[PDB]
Amino acid sequence: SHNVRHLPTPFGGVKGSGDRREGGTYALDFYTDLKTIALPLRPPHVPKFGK
Amino acid sequence: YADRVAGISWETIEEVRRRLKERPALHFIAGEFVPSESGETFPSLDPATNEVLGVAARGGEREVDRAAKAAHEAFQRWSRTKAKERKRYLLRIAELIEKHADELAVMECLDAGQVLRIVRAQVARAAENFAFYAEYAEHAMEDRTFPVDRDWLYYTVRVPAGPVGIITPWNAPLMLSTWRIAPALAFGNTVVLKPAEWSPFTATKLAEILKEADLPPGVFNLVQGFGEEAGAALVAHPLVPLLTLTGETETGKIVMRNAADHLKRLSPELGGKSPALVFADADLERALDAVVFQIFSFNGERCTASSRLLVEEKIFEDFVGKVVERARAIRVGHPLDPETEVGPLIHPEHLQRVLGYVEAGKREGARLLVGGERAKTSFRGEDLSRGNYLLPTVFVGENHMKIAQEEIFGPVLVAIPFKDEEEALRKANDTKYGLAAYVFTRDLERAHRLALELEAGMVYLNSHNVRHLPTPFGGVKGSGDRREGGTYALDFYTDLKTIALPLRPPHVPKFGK
Amino acid sequence: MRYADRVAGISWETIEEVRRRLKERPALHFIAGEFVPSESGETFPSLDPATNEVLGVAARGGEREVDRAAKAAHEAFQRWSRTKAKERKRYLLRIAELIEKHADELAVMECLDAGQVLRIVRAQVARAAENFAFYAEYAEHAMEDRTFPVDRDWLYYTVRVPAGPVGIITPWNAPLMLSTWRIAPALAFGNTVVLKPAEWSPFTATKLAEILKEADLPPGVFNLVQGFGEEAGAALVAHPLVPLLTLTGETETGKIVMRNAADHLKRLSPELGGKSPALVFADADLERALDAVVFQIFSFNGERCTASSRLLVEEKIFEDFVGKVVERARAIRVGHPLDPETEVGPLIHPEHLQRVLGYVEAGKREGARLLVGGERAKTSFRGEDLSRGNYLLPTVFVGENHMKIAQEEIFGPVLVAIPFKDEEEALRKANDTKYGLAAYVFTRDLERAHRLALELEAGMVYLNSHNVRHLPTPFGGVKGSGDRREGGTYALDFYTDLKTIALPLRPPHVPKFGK
Amino acid sequence: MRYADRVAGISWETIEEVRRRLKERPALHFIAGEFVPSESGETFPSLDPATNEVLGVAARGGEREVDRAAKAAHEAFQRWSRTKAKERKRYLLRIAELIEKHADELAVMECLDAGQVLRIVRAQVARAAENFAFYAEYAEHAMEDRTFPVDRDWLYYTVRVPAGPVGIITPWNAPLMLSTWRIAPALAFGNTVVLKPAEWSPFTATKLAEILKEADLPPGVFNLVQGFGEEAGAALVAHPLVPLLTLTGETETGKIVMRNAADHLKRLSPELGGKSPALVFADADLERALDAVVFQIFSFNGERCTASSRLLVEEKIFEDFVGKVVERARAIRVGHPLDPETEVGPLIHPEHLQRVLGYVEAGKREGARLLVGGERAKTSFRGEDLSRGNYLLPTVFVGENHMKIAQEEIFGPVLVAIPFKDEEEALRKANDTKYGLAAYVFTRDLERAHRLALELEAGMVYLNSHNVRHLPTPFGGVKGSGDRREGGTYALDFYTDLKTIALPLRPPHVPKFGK
Ligand SMILES: NC(=O)c1ccc[n+]([C@@H]2O[C@H](COP(=O)([O-])OP(=O)(O)OC[C@H]3O[C@@H](n4cnc5c(N)ncnc54)[C@H](O)[C@@H]3O)[C@@H](O)[C@H]2O)c1
Ligand SMILES: NC(=O)c1ccc[n+]([C@@H]2O[C@H](COP(=O)([O-])OP(=O)(O)OC[C@H]3O[C@@H](n4cnc5c(N)ncnc54)[C@H](O)[C@@H]3O)[C@@H](O)[C@H]2O)c1
Ligand code: NA
Ligand code: NA
Ligand code: NA
Ligand code: NA
Ligand code: NA
C-alpha cells in the first residue's frame, strides 16, 4: 500500500532522515521528562561515615 | 556499601603495581592489543603519592579511525547474532569480572584514588551491569501491535541502532564504562570506548577480560588518549552514530556541537548540584547519616553528590553543627586502607580547581566551618602531603553563591537555610542542574508533593542514593538528557520501526486515471 | 410534600411527571430491538422505599425471555464485533450524550425506586454518562498488545479480540452507575449484552434501554430481561450462548453463580461483598479523618460496597475520636430522598431493614456497646412521621473484630469501632475478615502509610482520604470480595481474548517424521 | 530387549538401574518437608505402557494427606511470599541446575512411566529446566505495575502481591514439563504449592520433589500428594486453604473442577482439551506443509494437546496432499520407547487405547473413510510382538467436520482429513468446534495468512510451521480449551493480585456529613 497512517504508531526516520518519534505515547518521550522517585518502607541500611 | 570491607593481600597489590608499570596500557582494536602508530604514550598518576603508576598509549585520530572501522565492520555480524548468544557472552563477562575482582579493585584504587570500602562495591556493580543487561538481550526487539479492526495490522519492533562511542569519566572508570557498554552490547551494537586519561588502567583490564570471554573481534574496541585528541576524533567519526557521555556540562556542549556534523544521537549524563532537604519532622539520625555519606563518599567525586544542604531554620544550628562534627571525624587516608573513608582527589589539577572554589567561597562571604584546606595527616598519623588529599569541607552560605551554583566535584558541602516548604523547593530548583534531590521528612503528603515539584531525574525520600537498575536514570536541565536503565536504555540504543500491512484490498486513491 | 421548586436542579414538575409515568407504564424487557412483556404476561411490583407504596411494575422474565435475549445477543455478536471501533466509539459517545439529555428523568426514577437522596443520584447519572464517554476512548485500542520478535528467524505478535456476549447481573443500590460500569466496556470492546438488573429497583434499566434505542444501537446488541435472581438471573447464568458473566452482588451469590456457570465453563468477573476497614492513627489529621470516616460509612444510606463499616482507632485516641464520630452520626439529618436537607434516606426494602436490624440485634446480644441509633428512625429532621418508610437511624457500636457485626457485611448505616494498640495489631485486625475490597488509612507517617498500603489485603487502599476514584486504575477485590478487575485497560483482560500469532521469516526446521 | 549401548545419550546400564529403583521404591507424598506415605498405608500401581506390567507403586493420597499438604502450604506462604525476589530467583536457578544434573534419570523415569520415545522425553527435561530458568528472571519484576498521577492533586499507583497457595493438577502425557510449567511461575511469584499429578504416571513427580528438597526449598513451600482425581484431586480443589488452582486436562474435568471450586470462589487457570485444525492451501509450500502436518499430529504418540487432529485441505489438492500424508503415516516406525529408531510408541494405558479405538470405531459407523491404520499395532518395525503393550497404528480418516471424530478429542495418533472449497469455508469449518486451543495455517499469501490468523478462534495461531514456542508469549485457549494465560508477564495476572493505592498530594475535599 501507499503511506496510510495510524496516529498511535511511532513516526520518524533513521540515518539521515532524523531521530526521535512522534505519535501517541512515543511523542511523550520527547515532550516530557521522566522522574524516578524512591522511598524505603522501613529503616534502610545507611553506610556510616565519620562515626 | 557495607560497613566493613576485607583488604586485598599485600602480594596481589604488589603484583598489580608492577604489572601496571611493566607494560603500557594499550588500545584494543580489531581483536588485538596495539600501541599508537606514533608509539607515544602518556602517564597516569597514583593520586595517593602523585607518582607515575604506569603509562597508556596516546591514541589519536588514526587509532580512532581503525577502531571505528573495526566496530562498523563487526556491526553486521554482531547485530545479527542470536540474542541468546549475546546473553551468554555478557554472563561470561560478568563471571570473569568477578573472577578478577581483586585485581580490578587494586587497579582502580591506585589509579583513581577511591577507597576500597567503595571500590569493592563498584567492581561488584560492574559485573552486575553485565548480568543485568544480559537478561534484556532476548527482549531487545520487542514493542507493540496496533491493529485497526479487521482492515489493517501495524506492528512495531526495535533494531540495533549502530556502533556506540562511549566516553567515560575518571571518578568510577569500570562502573560507569560497563554501565554503557553492557546495554550497548546486549542490544546488538558494537563499541569504541574512550576512557578518561586520568584513570585509563581498568579499561585496558576490562578489554583483557572481554578478550578472555572470547568476544568476536571488532565488537569491542578501546582507544586510550586525551579528550581533545582521541575523544574529539571519536565524536567526529562518521562511522559511530551513537555517543554516550558522562562528564561536565560544558563538555556536553562541545561534544554536542561537534556531533551535529553527523547528526549523532547522544546520551549525556552531565553534572549536578543535587540538594538535600532536611525538615524538622524527619528522622534526623538517619538524615545525618545519609547526608554525610551522600556528599563525602566517592571523595565527593560523583555526579549525584548532595553538594547543597537545605535545612529548616528551626533546626539549622543543631543539625548543621552535627554535620560539621561528623565531617571532622571522617577518616582521611590511603585508598588501599580498608578503614579509610575519604581518599585523595584524582589529580593535582583537580585538587587545584576544588581549592579554587573553596577560596572563591571565602571571598564571597560563605562561612567556612571545617576543612577548606589540604589534609596534612591521615587518621593514622601518616603524612599525606605527597597526595592530593582535601579535608571534608562544610560551608554555610546562600543559594545564589558561586559555590552553591557550580559543581565542585569534591568533598565540599554548602549548608543553606529555608524558612518553609515553599522556600526549600524554590531554592532547591534554583540551579542550572537537575540530576538528583534528597528529601528528609516524615510527612506523607509533603514528601510526595516535593518529589513531584523537584526538578530532578531522581528523587530519594528519606535515604541516600540507593539504586534499582530497572528505573530510568538520568537528569534534566543542565544535567543531561535521555535515560539509562533496563528498558529505558532501549530507547537510545535501538531504533523503532513501524510495519504496516492491509488485511484486505484497501482504498488506494486513483491518479492519472 | 413539595420541599422546594427545584431539587438537585430538577423541577418539582418533572419529579411528579416521572412518578406518574412509573405507575402508568410497566417496565418491559428489551429483546431483539423491541420492548416486550414476558410471554406469561406476569409482572412483579417495585416499592418506593420512602413509603413502601407500589411505584409500578416490571415484566417478570424467565427462561423463555432469557433464551430470546441470549439468541439475540449471540446473533448480533457476529456483526457487532466486526464494526469499526471508530463507529462503536461514536455510539458510546451518543449514549453518553443521551444519558445527559435524560439526566433529570434518570435521577428521579432511580431516586424514587432505590431511596438515595436525589442530588447524590443526580451525580451518579453524571458518572454513568462518564462511564460511556470514558470507554469510548478505549474502543480503538481494544485489539492492541505486543510483538515478540526472535532475532531474524521468527515474528510472534499478539492481538486481542472480542470475547463474546456478556450477561450483566447487577445489584439494587445503584442501578444506573453499576450497570453502565459493565455495559460501557462490554460494548466498547465489541461484545453484545444481556442485562439482568436487581428486582428491587428495575425501572432505571428499562429507561436505559430506551436511551440505547434512542442512540439507535443495532438490534440485538443490547438486551434487557427484568426478573428475579433465581428465575431470570439463574437462566442467564445457565445459557450456553452467553460465555461471559459479570456479577455485582453478595459473595454468597457469587458462589451460586460460579457453581451454575461451571456447566459451560463461563468466564466470570465478580465484584462481591466487603467489610472494608478504616484505620485511624493518633498522628493523622484527625479533623479530615473524622470527616472521611463519617462520610465513608453513612453516605449512600450505608448501602455502599466500599463503605468503611469497621473503624479501627489507635487506643490512645479511641475515646475522644470515637466520641466525635458518635456526635456526628447523631447530627446526621434523616429524611425523605426528595428533601434537599436529607443526608440519610430509607433502606431499599422492608426485608432489607429487617436484615440490617437483625444484625443490630446480633451485635447487642454478643456484647457490642450501642452508642447511638440501633433502631428505626421515627421522625425525620423536619418532624415528619417516617414509620411508613424503611428508615434506620445511623448506628455506631464499639466492639471486637471477632464479633459477627464486625465479620459480616450489614450493608446499612451501621458502624463498628474497634481499638488497636499498635500498627501490627491494626494490620492484623484489618486483614482478619473473609473480605478484601477496600481499606482506608489515616496517618501522616510516610513509611507507615506505604508499608500498610502494601500489607493490607484489599484491591484498593486510600491514604488519608475517602473513596475518590480514577477510572483508569484497576478496580476490584481479593478474597471473598471477588476477582478480576474493571477500569481502562484492565477491563480488557476479561472482555477480550489474547491471541499469539507466529510466523517464520525463513524456512524453519520441521522435525522429519515417517520420511 | 537391549536395543543399544546408549540411547538419547543415556547408557543402557542407567536405564536398567532406574527401572529397578522404581520397583523397589514406592512413590511417596512430600508434605511439610518430608516424604511420607498415606496414613492408611494404601498405594496404587502404575503400568509400563510398553508391557502393561507394574513398574511400581505410589502412595494413594486422600483428604487427610491433602489437608496436611494444604496446611503446610498455607503455613509456609507467610514467610515464602515475603522472601526477597533475588533469593527466590536463586532457588529457581538451583532447581534448574539440579534438574539438568538429574536429567538422565528424569528422562528414563518418565519414559518408562508415560511411554514417550526416550530422546523426546530427554528434550522435554531440558524444557522443564528452562521453565525454572525462565521464570527465575521474572521473580524480581513480580510486583511491578503502573502509576496514574492526576495533575498535582493525586497519586494513584499499582503494585502486585502474591495471591496465595496454588494447587496444581496435571495430566499424564508429559508429567515433568507440564507440572514445572505451573510450579516455576507459582514459586517465582511468591506462592506456595501443592502438586497433584496424574495417577497414570506418578513417578516423575516424586522425583521432582526429591530434587526440590535437594535445592533445599523451605519446608511446606512445595508439597506433593499422589492419588486419583476423584480422591486427592477433588480434595485439593475443595480445600479452603488453597485459593488458586491450575488445571491441565480434559474439558469435562474442567467443568467438574470449576463446580467444586465454586464453594470457596477459587481462581482457576485451566488449560483444557483441543481439536486444533491445520489449514493447507494450494498455494503453500506443500513440502513444508506435509512435514508439518505429519509431525503435528503423529509426534508424541499423538498424545499432545496442541496436535492438529483436523486437516483441512483445499479441494483441488485434497487427493494429492492427503494421499501423501497417508503414505508418510504408513511409513512411521512403531516400536518400543527405548528403541532409538522408534517414532511412535505405545499409548499411556490399555484403557486409553480402548478409548481411542472406541473413536476409531465410532468414526467408521459414522461414515468416515479409513485410509490407513485404525487398529492396534501388533508388530513393531523390527518385527517384534507388541501385543502386550498399548500400541496404535498412526491413523488417517477422510471425513466431515460435523462427524463425532472431528468434533471430539481423541488424544491419540488419529487424523481426520476434511476438504474445503475456499478460504471462507476453511475458516468456517476450522472454527466450528467446541474447542479453540491452536490452529495452523499453510499458505504463501500474506493477506490471507494474517486475515485467517485474526479470524481463527484459537489462543495460538502458527503460520507456515509446526508448533514452535517462545516462552514470553501468552499461552492458553478460548472456548472449551480453557481460560487465562501462562507465559512471562501474562502468568502474573493469575498468580498475583493487583492493588490500587491512592494518596492526595494536598488536603482533598471530603464531603461534609453530619455537620
Ligand atoms: N464489589 C463491588 O464493586 C460492589 C458494587 C456494588 C454492590 N456490591 C455488593 O452487592 C451487594 C448488594 O447485593 P444485592 O442485594 O443486589 O444482592 P444480590 O447478589 O442478591 O443481587 C445481585 C444480582 O444477583 C442476582 N441474583 C440473585 N440470586 C441469583 C441467582 N441464584 N442466580 C443469578 N443471579 C442471581 C439478583 O437478581 C441481582 O440482579 C453487597 O454485598 C455489596 O457489597 C459490590
Ligand atoms: N491446554 C494444554 O496446554 C494441555 C496440555 C496438556 C494436556 N492437555 C489436555 O489434557 C487432556 C489429557 O488429560 P488427562 O488424561 O490427564 O485427563 P484428566 O483431566 O482426567 O487429568 C488431569 C488431572 O485431573 C485430575 N482429575 C480428574 N478428575 C478429577 C476430579 N473429579 N477432581 C479433581 N481432579 C481431577 C486427574 O487426577 C489429573 O491429575 C487432553 O484433553 C489434553 O488436550 C491440555
Ligand atoms: Na590515575
Ligand atoms: Na424499588
Ligand atoms: Na441481596
Ligand atoms: Na505408567
Ligand atoms: Na483423562
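Every chain is numbered from 1, with letters handed out A, B, ... down the list of sequences.
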(request) Could you have a look at B:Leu153, B:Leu444, B:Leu452 and say which one has the most heavy-atom pairs with chain D under 4.5 angstrom? (result) B:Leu452

When you scan chain B against chain D, which donor-acceptor pairs turn up at less than 3.5 Å?
residue	atom	partner	partner atom	Å
B:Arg150	NE	D:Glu455	OE2	2.9
B:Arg150	NH2	D:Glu455	OE1	3.3
B:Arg449	NH1	D:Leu505	O	2.8
B:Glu453	OE2	D:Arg152	NH1	2.9
B:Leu503	O	D:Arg451	NH1	2.8

(message) Report which part of B:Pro470 has an atom under 4.5 Å of a heavy atom belonging to chain D: side chain, backbone, both, or neither.
(response) side chain

(message) Could you work out, with side-chain contact (heavy atoms from CB on, under 4.5 Å) as the rule, every residue matching B:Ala428, not counting sequence neighbours?
(response) B:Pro275, B:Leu277, B:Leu310, B:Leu454

